[PDB]
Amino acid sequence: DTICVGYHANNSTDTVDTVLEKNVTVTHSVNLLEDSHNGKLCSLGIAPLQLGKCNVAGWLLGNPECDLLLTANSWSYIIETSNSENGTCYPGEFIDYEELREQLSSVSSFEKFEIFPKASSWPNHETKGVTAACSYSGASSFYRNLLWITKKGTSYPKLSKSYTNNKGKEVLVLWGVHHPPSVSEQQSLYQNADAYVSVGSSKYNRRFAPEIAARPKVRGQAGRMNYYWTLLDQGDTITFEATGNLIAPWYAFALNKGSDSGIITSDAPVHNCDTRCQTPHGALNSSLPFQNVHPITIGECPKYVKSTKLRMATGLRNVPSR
């Protein structure tokens, strides 16, 4: 009579690597590497802002092609697609743009309001400020959130308007400065050859001069437009003074910044699934320590790794030998 001691075996074909031996068949294992994704762009508890055919610049400024958009309430991150070109339609430089994009990437409250009403605020001045560069349905137009103020028949008087923040949030105010191509175009638009634009608040003071200079045509315009912004604190007061070249604020935004986030560029479909970790190709259902899906992620993510297999034995060496 005989009792024997022995161990389990099964039909498992799970295979793991050890330090002494490769391709060792074991009876049980777990995967430590997340190597697949959702195919979808998801929420982080909250949903992402989709810009679609626009980009942050075009959205904020009110590019005429972005009318069919305005969906802001609150978002966890911004999504831009490969079709995101309608932004700055009048050629020029958007100052501190990457910085603004980063600070606007996650907002917890966001409401557009009329900072300076087109109608009532600019007597003594104009309102035919449109351009073929910024056109809607064939006709020449302009940014919806900015006002191209011009001279009222032969005279551009020193303008001065102010705004006091009473929204009980930060207010994001954008504006522009026009740079004509020639010294005579500076005349026919704003009369005063010696012109200046001055913005001022508690922590913002800048003056701008018209940088009149010959340059190539971009979108049919040899002129340029510089876009500026600032975050107006609660109770503070921004002030605009100008003798020409001021592309004034028409709409501003009152917002509550959460903590920063990021912008993802992807043509993946947006859905209502929820995730703790988002990548451009899709969301990671991840509670595993490591992933090889994508290095650039937003959220609480497994560590990006260049592995293709990280299988961890839990069982014993599978030796059926029969």
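Numbers follow the displayed sequence, beginning with 1.
Entry-level comparison of average CA B-factors, 35-43 and 291-299, reporting the higher stretch: The stretch with the larger average C-alpha B-factor is 35-43.
109-117 versus 223-231 - greater average Cα B-factor per the deposited record: The stretch with the larger average C-alpha B-factor is 109-117.
Top Cα B factor in the deposited entry, candidates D194, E80, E93, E99: Answer for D194, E80, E93, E99: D194, with the highest C-alpha B-factor.
Per the PDB entry, maximal CA B factor within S29, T275, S259, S266: That would be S259.
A248, C-alpha B-factor rank within chain (lowest, middle or highest third): For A248, the deposited C-alpha B-factor lands in the lowest third.
Chain-relative CA temperature factor third for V173: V173: CA B-factor falls in the lowest third of its chain.
Chain-relative CA temperature factor third for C134: Tercile = highest for this residue's CA B-factor.
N285 by Cα B-factor - lowest, middle or highest third of the modelled chain: Top third by C-alpha B-factor.
CA B-factor placement of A214, once the chain's modelled residues are sorted into thirds: Its C-alpha B-factor, which the entry lists for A214, ranks in the middle third among residues of this chain.
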